[PDB]
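J.: I am attaching a structure below and will ask some questions about it afterwards.
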């Protein structure tokens, strides 16, 4: 790979940890002056099936498919001007603050339209907009979970935490208490947590 090939892609293929619109969406650009991107919101009712499928398909760059996309709704399409320095790879942030649908909580997919002679490294990425922070650790025969507000870090009560296997099947569920705690059994097939409250949703990969 000694040739200077024009290339563009998301800096990463996706992360379940919530972020904010103000953070932007990072792209790696080398001698590319634009990126055409479709944004989708994953349908809440299909989220366990989507995230389960995103987990065993994210092994490669082009993890998007028509079957995966039917579990989401297109919310915005736009062309973003990029001006990286000649022959220098740059990390550029796509601004998200003026895309009205991203004012809403959700699990979003961003997919680049791969038209032209450009090389596409990571054409799809996943990002979550949510105020729910979920963290967990095994402790003997239990899985100890903490649910909080990401704005101020405070423990939050009443957050429904569902334990999912790698297939997206719900193994069990419980709601956080006054101290932001959920204690579940340690299941052989525990793979994901899905935490929900008042339209906010955050997932956690227990295998990471």
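Residue numbers (the authors' numbering): -2 to -1, 163 to 368.
For each residue, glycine too, the CB sits at the ideal point set by N, CA and C.
Give me the Cβ distance between residue 164 and residue 282, rounded to the nearest whole Å; I'm assuming they're in contact under 8 Å.
T.: So it is not a contact: roughly 19 Å between Cβ atoms.
J.: Along the chain, where does the alpha helix (DSSP H) that runs through residue 251 open and close?
T.: That residue, residue 251, is in no alpha helix (DSSP H); its beta strand (DSSP E) goes 250 to 254.
J.: Kindly list the residues whose CB is nearer than 7 Å to the CB of residue 347, restricted to its own chain and excluding five residues on each side of it in sequence; keep chain order.
T.: So the list reads 323, 331, once near-sequence residues are dropped.
J.: Going by DSSP in three states, residue 365 sits in which element: helix, strand or coil?
T.: If DSSP states are grouped into helix, strand and coil, residue 365 belongs with the strands.
J.: Given residue 298, which residues of its chain have a CB within under 7 Å of its CB, disregarding the five upstream and five downstream residues?
T.: Cβ neighbours of residue 298 beyond the five flanking positions: 346.
J.: By Cβ distance below 8 Å, which residues in the same chain neighbour residue 268 in space, the five residues on each side in sequence not counted?
T.: Result list for residue 268: 199, 200, 201, 202, 235, 262, 286, 287, 288, 289, in chain order.
J.: Mind the definition here: the segment 297 to 316 touches the segment 337 to 344 only if three or more C-beta pairs lie below 8 Å; say whether that holds.
T.: Verdict: yes, contact present.
J.: For residue 294 and residue 364, which I take to be in contact (beta-carbon distance under 8 Å), what is that distance rounded to the nearest angstrom?
T.: Confirmed, about 5 Å.
J.: I'd like to confirm the pairing. Which residues does DSSP put opposite residue 357 in its beta bridges?
T.: Answer is 360, bridged to residue 357.
J.: Report the three-state DSSP secondary structure of residue 320 (helix, strand or coil).
T.: Correct three-state label for residue 320: strand.
J.: Under 7 Å Cβ to Cβ from residue 171, same chain only, skipping five residues before and after it: list those, please.
T.: Cβ neighbours of residue 171 beyond the five flanking positions: 186, 187, 188, 251.
J.: Going by the CB atoms, is the gap between residue 352 and residue 366 shorter than 9 Å?
T.: Cβ atoms of residue 366 and residue 352: closer than 9 Å.
J.: List the DSSP bridge partners of residue 300.
T.: DSSP lists no partner for residue 300.
J.: Going by DSSP, what residues sit across from residue 266 in a beta bridge?
T.: Partner(s): 289.
J.: Using 9 Å as the threshold, is the C-beta distance between residue 192 and residue 254 below it?
T.: Going by C-beta atoms, residue 192 is not nearer than 9 Å to residue 254.
J.: So, with DSSP's three-state summary, where would you put residue 167?
T.: The answer is strand: DSSP assigns residue 167 an E or B state.
J.: Secondary structure at residue 314, three-state DSSP: helix, strand or coil?
T.: In this structure, residue 314 counts as coil in the three-state DSSP scheme.
J.: Where do the ends of the beta strand (DSSP E) carrying residue 232 lie?
T.: Here the beta strand (DSSP E) through residue 232 covers 232 to 241.
J.: Quick one: residues in its chain with C-beta nearer than 6 Å to the C-beta of residue 237, no 5 flanking neighbours on either side, listed in chain order?
T.: The residues are 198.
J.: Going by Cα to Cα distance, which pick from 180, 224, 361, 317 is closest to residue 337?
T.: Checking every option, the nearest Cα to that of residue 337 belongs to 317.
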